[PDB]
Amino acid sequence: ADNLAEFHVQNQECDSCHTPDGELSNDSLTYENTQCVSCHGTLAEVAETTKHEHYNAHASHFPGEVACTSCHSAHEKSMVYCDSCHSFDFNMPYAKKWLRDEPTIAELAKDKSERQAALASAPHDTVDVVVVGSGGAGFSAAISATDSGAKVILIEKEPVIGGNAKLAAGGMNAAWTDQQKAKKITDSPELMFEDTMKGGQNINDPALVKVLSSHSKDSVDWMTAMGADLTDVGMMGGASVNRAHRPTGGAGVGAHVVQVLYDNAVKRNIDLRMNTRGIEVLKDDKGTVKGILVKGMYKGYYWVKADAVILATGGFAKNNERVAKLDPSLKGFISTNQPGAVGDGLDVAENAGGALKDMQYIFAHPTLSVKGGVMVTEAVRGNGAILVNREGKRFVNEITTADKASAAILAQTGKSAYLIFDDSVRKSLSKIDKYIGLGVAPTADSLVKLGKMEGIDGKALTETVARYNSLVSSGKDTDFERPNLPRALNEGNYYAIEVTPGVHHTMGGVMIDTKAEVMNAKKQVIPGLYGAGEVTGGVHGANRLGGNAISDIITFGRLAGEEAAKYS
């Protein structure tokens, strides 16, 4: 057979997969995926038949219910979504090599044609609020508007939910929580605000940073009431005390928080549409929002009539061409992001009149795995790991800010460095087990052996760990001044992870005020239009602290949903 449908119709009728009239149920292909499942079983049952020791196409870290048509199309060859970040040995029937080629909003002008007919038609749906983007900000705003009494439609352009938010690892910053008090940490919204401003070189908008610090406990309480586990609190770069919250044991905050938000939307019967791209915000004759034109992958163009539109589309760190125009030093670097994080949401916001700010400030995360090409969390250093160069020595304060960490690594021989830690660090953070499963953390029972394995001077590395453990012991790093020294590297085996910098987060974006209303260049509100999460600029200034973006999307998403519901 040349394709999956052809294969099955050798022994089955068209209605084994299609509805009685044959039309596709919707852009999420709900009815059609139910038919795949009635014969093959759920995703978990199929995964029983495709096990591999350390990976499995049908059982991954992605949260929610991943549709089969995400990777298996019927009438044409299709791509394995996992190939956008990894290179596992896979053999999916009727596959083709991963290639992302999505037209820009500008290029979709070509469809003037079909777009005009859609806009001349009656709205396909009439609701109060439309949220664009199924990341942490978009789910938060959809739930909060629904709880406030508004009828919502939430759209996602990708086949799977969660965007970059489902990948988060190290934590969600918040201050003065019940969770901190239980671990005996002392902190305050005032200290979180100060760390944040100084971390961002005082470019941040102070009014947005106050919303960030003052609503932070409330956002952790809201998530926990909905079923989240945020009881583990860790340290991240540039913070005065531990304040990065995550599940018990040090698991990834990201996949868990998005699973909780998805379960909660499903319980409220929230109309969630996949493979549906927001294209153009529509305004009436007095310039207030009247709806949004969308492009359904399977259904075509249509518009939804509504009082308010909330843009929660995330950043553009996967778009290296746009990144390089703003920061020529990052051209050619690998990204940590999902394949659709390209900035099309920003183009939608600007075409609607929104102005942008702080676009030149791009976060380069210092520690991508050279071997695996994926982010390695900053919590590995927060929980006690060190960095060494090819000469076997320390060269930087490992919990300094992302900008300084990346420069110091690129100044080392070969332009990369190695995280070094032991089994005490490994056991304090369950996420480290995931790196070991991926095959990017070689280990040995002595540093001489480890060094020999990875090309690091063995006797210098042994001396380096011995000296660092003495500094931990006495409580002061006189070589590089790391202010937090939580563990000696001396329990069980040793591990090494080769790391180098990659493109990760864009701190600029659409201008919003403290009620998350989008503004134009004269600082006027555009009525009915909201922005929440990494699509916005002004919260993080010149350098974002680790843990502050998950805090941002929950706070600003929830706020935007409440404000849109009230507005109408």
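Residue numbers here begin at 1 and follow the sequence given.
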Comparing 284-292 with 179-187, where is the mean C-alpha B-factor higher?
-> 179-187
For 305-313 versus 392-400, entry-based mean Cα B-factors point to 392-400
From the entry's CA B-factor values, the highest among 102, 128, 271, 378 is 102
Highest CA temperature factor in the entry: which of 440, 71, 359, 410?
-> 410
When the modelled residues of the chain are sorted by Cα temperature factor, does residue 193 land in the lowest, middle or highest third?
-> highest
By its CA B factor, does residue 333 count among the lowest, middle or highest third of the modelled residues in the chain?
-> middle
How does residue 138 rank on Cα B-factor within its chain, lowest, middle or highest third?
-> lowest
Thinking about Cα B factors across the chain, which third does residue 550 belong to?
-> lowest
Going by the entry, which third of its chain does the Cα temperature factor of residue 494 land in?
-> middle
